[PDB]
Amino acid sequence: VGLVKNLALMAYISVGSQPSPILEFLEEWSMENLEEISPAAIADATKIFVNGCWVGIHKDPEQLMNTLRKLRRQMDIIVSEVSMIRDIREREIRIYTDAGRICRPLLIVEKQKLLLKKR
Amino acid sequence: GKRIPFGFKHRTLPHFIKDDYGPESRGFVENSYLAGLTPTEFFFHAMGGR
Amino acid sequence: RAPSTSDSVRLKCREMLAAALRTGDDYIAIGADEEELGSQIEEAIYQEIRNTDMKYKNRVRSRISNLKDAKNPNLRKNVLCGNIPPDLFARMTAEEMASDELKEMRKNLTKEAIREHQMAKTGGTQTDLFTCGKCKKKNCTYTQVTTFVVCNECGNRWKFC
Amino acid sequence: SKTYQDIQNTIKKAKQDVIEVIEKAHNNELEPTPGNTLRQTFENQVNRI
Amino acid sequence: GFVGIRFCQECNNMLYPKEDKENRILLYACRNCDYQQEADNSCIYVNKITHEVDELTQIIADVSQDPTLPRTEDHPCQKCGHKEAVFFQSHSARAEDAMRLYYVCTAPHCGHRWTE
Amino acid sequence: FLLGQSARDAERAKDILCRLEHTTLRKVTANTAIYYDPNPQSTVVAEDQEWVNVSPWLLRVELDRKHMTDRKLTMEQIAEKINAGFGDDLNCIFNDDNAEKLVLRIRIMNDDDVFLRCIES
Amino acid sequence: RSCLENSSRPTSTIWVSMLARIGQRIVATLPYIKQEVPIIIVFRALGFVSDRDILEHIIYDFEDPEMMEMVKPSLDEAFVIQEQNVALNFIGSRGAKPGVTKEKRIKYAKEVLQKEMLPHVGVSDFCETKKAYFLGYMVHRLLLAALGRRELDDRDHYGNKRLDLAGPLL
Ligand SMILES: [Zn+2]
Ligand SMILES: [Zn+2]
């Protein structure tokens with residue numbers, strides 16, 4: 001009891017993707033690489049982790065996360081299975097793309113109104 | 001022997017907001033089996049049965 | 001009158017006590033002999049200890065600090081005015097020598113600690129409709145869950161279905 | 001149909017009471033009950049209510 | 001007060017304290033190098049049994065832009081005076097016993113934090 | 001189960017409870033700071049307690065007031081115990097019960113830097 | 001639990017624990033190493049002789065001494081290791097197959113310190129910098145957890161779990 005489990009009717013598991021397009025897209029932006037960066041500049045910044053690999057450092061999470069979300073919404077460079085996590089308390093953007101990440105689809109609500117209109 | 005814990009970061013379920021120690025947000029089932037149950041309290045009742 | 005002593009340590013302690021008692025000039029206003037009071041305090045300390053060891057020096061230092069404490073000159077004024085006999089002052093403890101505000105704060109802290117150390121009483125609906133068979137009294141408290149009966153005075157524990 | 005009214009009134013009263021307890025705990029008025037910490041006594045009061 | 005680590009000048013390593021027996025002063029020597037420097041804090045170690053840590057120093061201004069954090073209008077800011085503001089508990093383990101909130105202003109270029 | 005009059009009143013039972021409860025420095029101490037004060041009379045910190053009483057280092061172990069009152073202790077017994085437990089090797093200069101801060105001063109008289117850390121721990 | 005991507009070698013585990021109890025001495029349990037090794041020796045083996053560099057990789061801000069007092073004990077514990085060669089020898093001496101000579105032990109230590117531990121960040125010829133930064137991040141997270149500033153990570157939280165469907169299983 002409790003060990004055996006069954007998926008939900010809407011539950012879906014990610015099949016898996018590649019991290020190369022995400023790395024290239026984050027590298028084009030003003031993102032200093034972790035190999036060449038002043039250690040003192042890590043405090044006032046946010047650490048980006050992709051598939052558990054610490055790479056690059058950014059100075060504007062509020063815009064980077066929005067850009068990533070819009071890009072995923074447009075389905076052009078990042079597949080719908082990828083997930084970008086935003087940690088507010090500690091500045092860390094941990095992105096994952098490996099398989100096995102159980103997920104489900106949810107509607108989007110910008111301010112107080114959904115996008116699933118009559119159209 | 002305690003109320004529903006905070007499985008997520010400082011909240012029971014994603015629906016409720018953080019630091020919501022109210023009764024309905026910690027397992028208190030306000031409805032009854034005759035008048036149906038809210039999904040959140042339904043899940044908490046399932047946890048108790050488990 | 002405190003008997004004179006030829007011991008250097010006793011004389012130094014008496015001089016220190018007299019000097020401390022002179023702080024604030026309360027002696028002039030009260031017209032009390034500071035030297036006599038210091039000699040009496042030293043004699044009482046010597047009688048209580050009966051040796052010029054580290055304990056006597058520590059007691060003398062504590063008395064000097066308490067008498068010279070500018071945060072509670074009331075104790076010094078009372079000592080110089082006869083309110084606290086020298087024997088009592090020498091035999092008094094640190095808690096007793098504290099100022100009025102400090103004593104009140106200590107009492108409040110002790111009362112709060114005593115209250116917090118207690119345990120919350122078991123809740124229940126107290127009523128006199130149930131007669132306890134272990135004491136014959138009617139006072140008791142019940143709890144519905146089967147209704148458990150808890151005796152108030154005797155403490156008879158039972159249940160009714 | 002009247003028991004429903006009584007039950008709803010009681011539930012609303014309990015909700016108001018627990019909200020007031022939470023407000024008091026937030027503004028630092030609920031003193032710790034003897035033998036228990038602040039969170040423990042807060043939880044005990046909520047459960048009793 | 002506290003004490004911070006001060007690295008060496010040449011080898012850049014931990015400087016251990018040393019009580020100069022000759023001049024009767026406090027020095028900081030290097031295990032490897034022979035560097036010396038005259039001290040100024042006159043302290044070596046401090047322990048905080050109560051661990052009276054100011055939670056406000058840990059809170060950051062970025063907490064305001066949190067979509068899953070409550071907001072209230074009855075606790076306006078002080079500096080800018082904006083109305084919207086967030087509030088939350090310490091959200092830190094080892095909480096002794098207190099749910100005291102830590103209000104943070106919800107507006108750009110302010111990042112103010114206070115408590116009531 | 002209390003036997004004496006303490007069984008009735010809680011005032012005379014709190015002391016019994018305290019004496020049956022384990023109390024250590026950690027429960028009553030609030031801050032502990034070591035200083036390499038060369039001359040005892042120099043007193044790098046502002047405290048008028050050493051000159052009245054009279055090694056180039058000391059420990060300033062200030063105690064809390066609320067806990068000490070809750071357990072109902074006095075600095076005299078604390079100093080006596082801390083001096084007898086470690087032999088006649090240190091000299092604890094306690095403070096009067098009138099000041100606001102419950103500061104202390106532990107000094108050693110007769111590798112030496114970590115000895116104070118080890119003993120305080 | 002590190003694992004690059006469906007690689008031939010199995011996933012490797014890195015336990016950077018700390019003694020309870022001097023007190024507060026951080027250790028590590030590297031793969032193919034039966035005994036424990038302090039984190040400072042590991043950092044020096046990765047190619048960081050200077051102490052300031054090691055602390056910068058571990059701790060990001062120096063204005064909080066309250067965090068510095070926790071690392072000072074373990075930092076001073078390993079004070080007889082400065083050069084890289086001695087650190088490599090010390091790490092290899094605890095290896096499962098201790099080389100009869102010194103060169104074999106150095107080679108074994110370098111191999112285990114560049115292929116077994118943290119293979120996901122990189123297993124190429126020059127990736128010691130990223131490995132050191134990842135180790136420093138692990139130590140920083142451990143210290144933050146110890147201070148209580150960040151709650152621990154729940155074991156049953158599915159957010160830290162992965163499902164192996166027919167694909168990976170086959
Ligand atoms: Zn040096
Ligand atoms: Zn503001």
# chains A, B, ... in the order shown; residues from 1 in each chain; ligands from 1
$ residues_near_ligand --ligand "ligand 1" --cutoff "10 Å" --atoms "only C-alpha atoms and all ligand atoms" --output "PyMOL selection string"
chain E and resi 7-16+28-36
$ residues_near_ligand --ligand "ligand 2" --cutoff "6 Å" --atoms "only C-alpha atoms and all ligand atoms" --output "list in words"
residues 77, 79, 80, 81, 82, 105, 110 and 112 of chain E
$ residues_around --residues "stretch 79-83 of chain A" --least-positions-apart "4" --cutoff "12 Å" --atoms "only C-alpha atoms" --output "ChimeraX atom specification"
/A:12-19,21-22,49-51,65,68-75,93-106 /G:159
$ write_last_selection --atoms "N, CA, C and O atoms" --output "compact mmCIF listing (two decimals), in the first residue's frame"
# COMPACT_ATOMS: atom_id res chain seq x y z
N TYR A 12 1.29 13.60 -17.86
CA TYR A 12 2.15 13.29 -19.00
C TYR A 12 3.60 13.40 -18.57
O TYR A 12 3.97 14.31 -17.82
N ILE A 13 4.42 12.48 -19.04
CA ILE A 13 5.84 12.43 -18.71
C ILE A 13 6.63 12.97 -19.89
O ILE A 13 6.32 12.66 -21.05
N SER A 14 7.65 13.77 -19.60
CA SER A 14 8.49 14.32 -20.66
C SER A 14 9.31 13.21 -21.31
O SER A 14 9.91 12.38 -20.62
N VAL A 15 9.34 13.21 -22.64
CA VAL A 15 10.10 12.21 -23.37
C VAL A 15 11.59 12.53 -23.34
O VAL A 15 12.43 11.62 -23.40
N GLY A 16 11.95 13.80 -23.25
CA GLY A 16 13.34 14.20 -23.23
C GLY A 16 13.72 15.06 -24.42
O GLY A 16 13.16 14.91 -25.51
N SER A 17 14.68 15.96 -24.23
CA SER A 17 15.12 16.86 -25.28
C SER A 17 16.63 17.06 -25.14
O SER A 17 17.29 16.38 -24.34
N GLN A 18 17.18 17.99 -25.92
CA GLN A 18 18.60 18.29 -25.90
C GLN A 18 18.85 19.67 -25.31
O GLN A 18 18.04 20.59 -25.51
N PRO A 19 19.96 19.86 -24.59
CA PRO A 19 20.26 21.18 -24.01
C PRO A 19 21.00 22.14 -24.93
O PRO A 19 21.16 23.31 -24.55
N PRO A 21 20.26 23.77 -27.93
CA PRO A 21 19.61 25.03 -28.33
C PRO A 21 19.45 26.01 -27.18
O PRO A 21 19.63 27.22 -27.37
N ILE A 22 19.13 25.51 -25.99
CA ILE A 22 18.97 26.38 -24.83
C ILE A 22 20.30 27.03 -24.47
O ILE A 22 20.36 28.23 -24.17
N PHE A 49 21.35 27.02 -13.73
CA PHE A 49 21.68 25.60 -13.76
C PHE A 49 20.81 24.94 -14.82
O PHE A 49 19.58 25.04 -14.78
N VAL A 50 21.46 24.26 -15.77
CA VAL A 50 20.76 23.53 -16.82
C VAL A 50 21.14 22.06 -16.70
O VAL A 50 22.33 21.71 -16.71
N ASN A 51 20.13 21.20 -16.53
CA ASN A 51 20.35 19.77 -16.31
C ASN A 51 21.33 19.53 -15.17
O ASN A 51 22.11 18.57 -15.19
N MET A 65 13.69 35.28 -17.31
CA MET A 65 12.62 34.30 -17.13
C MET A 65 11.42 34.62 -18.02
O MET A 65 10.81 33.71 -18.59
N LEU A 68 12.32 33.57 -21.54
CA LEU A 68 12.25 32.12 -21.67
C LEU A 68 10.80 31.66 -21.75
O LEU A 68 10.47 30.78 -22.56
N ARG A 69 9.93 32.22 -20.91
CA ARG A 69 8.53 31.82 -20.93
C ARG A 69 7.88 32.14 -22.27
O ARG A 69 7.18 31.31 -22.85
N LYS A 70 8.11 33.35 -22.79
CA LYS A 70 7.55 33.71 -24.08
C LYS A 70 8.07 32.80 -25.18
O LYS A 70 7.31 32.35 -26.05
N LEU A 71 9.37 32.51 -25.16
CA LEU A 71 9.96 31.65 -26.17
C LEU A 71 9.34 30.26 -26.13
O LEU A 71 9.01 29.69 -27.18
N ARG A 72 9.16 29.70 -24.93
CA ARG A 72 8.53 28.39 -24.82
C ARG A 72 7.08 28.44 -25.29
O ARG A 72 6.59 27.50 -25.92
N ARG A 73 6.38 29.54 -24.98
CA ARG A 73 5.01 29.70 -25.46
C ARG A 73 4.94 29.72 -26.98
O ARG A 73 3.95 29.27 -27.56
N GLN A 74 5.97 30.25 -27.64
CA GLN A 74 5.94 30.30 -29.10
C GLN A 74 6.37 29.00 -29.78
O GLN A 74 6.13 28.86 -30.98
N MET A 75 6.97 28.07 -29.05
CA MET A 75 7.35 26.76 -29.56
C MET A 75 8.20 26.88 -30.83
O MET A 75 7.78 26.52 -31.93
N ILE A 93 18.31 29.94 -11.18
CA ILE A 93 17.43 29.53 -12.27
C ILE A 93 17.86 28.13 -12.68
O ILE A 93 18.82 27.96 -13.44
N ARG A 94 17.15 27.11 -12.19
CA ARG A 94 17.48 25.72 -12.45
C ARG A 94 16.55 25.19 -13.54
O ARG A 94 15.35 25.02 -13.32
N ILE A 95 17.12 24.94 -14.72
CA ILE A 95 16.38 24.43 -15.87
C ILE A 95 16.72 22.96 -16.05
O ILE A 95 17.87 22.55 -15.85
N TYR A 96 15.72 22.17 -16.43
CA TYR A 96 15.89 20.74 -16.64
C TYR A 96 15.30 20.34 -17.98
O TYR A 96 14.27 20.89 -18.40
N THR A 97 15.94 19.38 -18.65
CA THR A 97 15.46 18.89 -19.94
C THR A 97 15.50 17.38 -20.06
O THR A 97 15.03 16.86 -21.08
N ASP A 98 16.03 16.66 -19.08
CA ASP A 98 16.06 15.21 -19.15
C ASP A 98 14.64 14.64 -19.03
O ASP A 98 13.69 15.33 -18.66
N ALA A 99 14.52 13.35 -19.35
CA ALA A 99 13.22 12.69 -19.33
C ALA A 99 12.85 12.29 -17.90
O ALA A 99 13.66 12.33 -16.98
N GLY A 100 11.59 11.89 -17.74
CA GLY A 100 11.09 11.47 -16.45
C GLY A 100 10.45 12.55 -15.61
O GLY A 100 9.96 12.25 -14.51
N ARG A 101 10.42 13.79 -16.08
CA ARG A 101 9.82 14.89 -15.33
C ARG A 101 8.32 14.89 -15.61
O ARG A 101 7.86 15.41 -16.63
N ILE A 102 7.55 14.31 -14.69
CA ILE A 102 6.11 14.22 -14.87
C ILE A 102 5.51 15.62 -14.84
O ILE A 102 5.87 16.46 -14.00
N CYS A 103 4.61 15.90 -15.78
CA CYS A 103 4.02 17.22 -15.91
C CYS A 103 2.59 17.09 -16.41
O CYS A 103 2.08 15.99 -16.61
N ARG A 104 1.95 18.24 -16.60
CA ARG A 104 0.59 18.29 -17.11
C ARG A 104 0.36 19.65 -17.73
O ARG A 104 1.06 20.61 -17.40
N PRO A 105 -0.60 19.77 -18.64
CA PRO A 105 -0.90 21.08 -19.24
C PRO A 105 -1.83 21.90 -18.37
O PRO A 105 -2.78 21.37 -17.78
N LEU A 106 -1.57 23.20 -18.30
CA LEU A 106 -2.39 24.11 -17.53
C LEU A 106 -2.61 25.38 -18.34
O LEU A 106 -1.75 25.80 -19.11
N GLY G 159 9.42 16.60 -7.20
CA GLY G 159 10.21 17.53 -7.97
C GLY G 159 11.67 17.14 -8.07
O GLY G 159 12.36 17.58 -9.00
$ select_by_dssp --residues "chain B" --states "helix (DSSP H, G or I)" --output "MDAnalysis selection string"
chainID B and resid 39:49
$ interface_residues --of "chain A" --to "chain E" --cutoff "9 Å" --atoms "only C-alpha atoms" --output "list in words"
residues 62, 88, 89, 90 and 91 of chain A
$ closest_residue --among "B:21, B:33, B:6, B:42" --to "chain D" --atoms "only C-alpha atoms"
B:21
$ interface_residues --of "chain G" --to "chain F" --cutoff "12 Å" --atoms "only C-alpha atoms" --output "ChimeraX atom specification"
/G:21-23,73
$ write_last_selection --atoms "C-alpha atoms" --output "PDB file, in the first residue's frame"
ATOM      1  CA  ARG G  21      30.705  16.992  17.500  1.00  0.00           C
ATOM      2  CA  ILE G  22      37.032  21.934  17.422  1.00  0.00           C
ATOM      3  CA  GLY G  23      33.773  20.859  15.791  1.00  0.00           C
ATOM      4  CA  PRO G  73      37.719  24.997  11.694  1.00  0.00           C
TER       5      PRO G  73
END
$ closest_atom_pairs --of "chain G" --to "chain A" --cutoff "6 Å" --atoms "only C-alpha atoms" --output "Markdown table"
| residue | atom | partner | partner_atom | distance |
| --- | --- | --- | --- | --- |
| G:60 | CA | A:43 | CA | 5.6 |
| G:121 | CA | A:53 | CA | 5.4 |
| G:162 | CA | A:100 | CA | 4.4 |
| G:163 | CA | A:100 | CA | 4.0 |
| G:164 | CA | A:100 | CA | 5.9 |
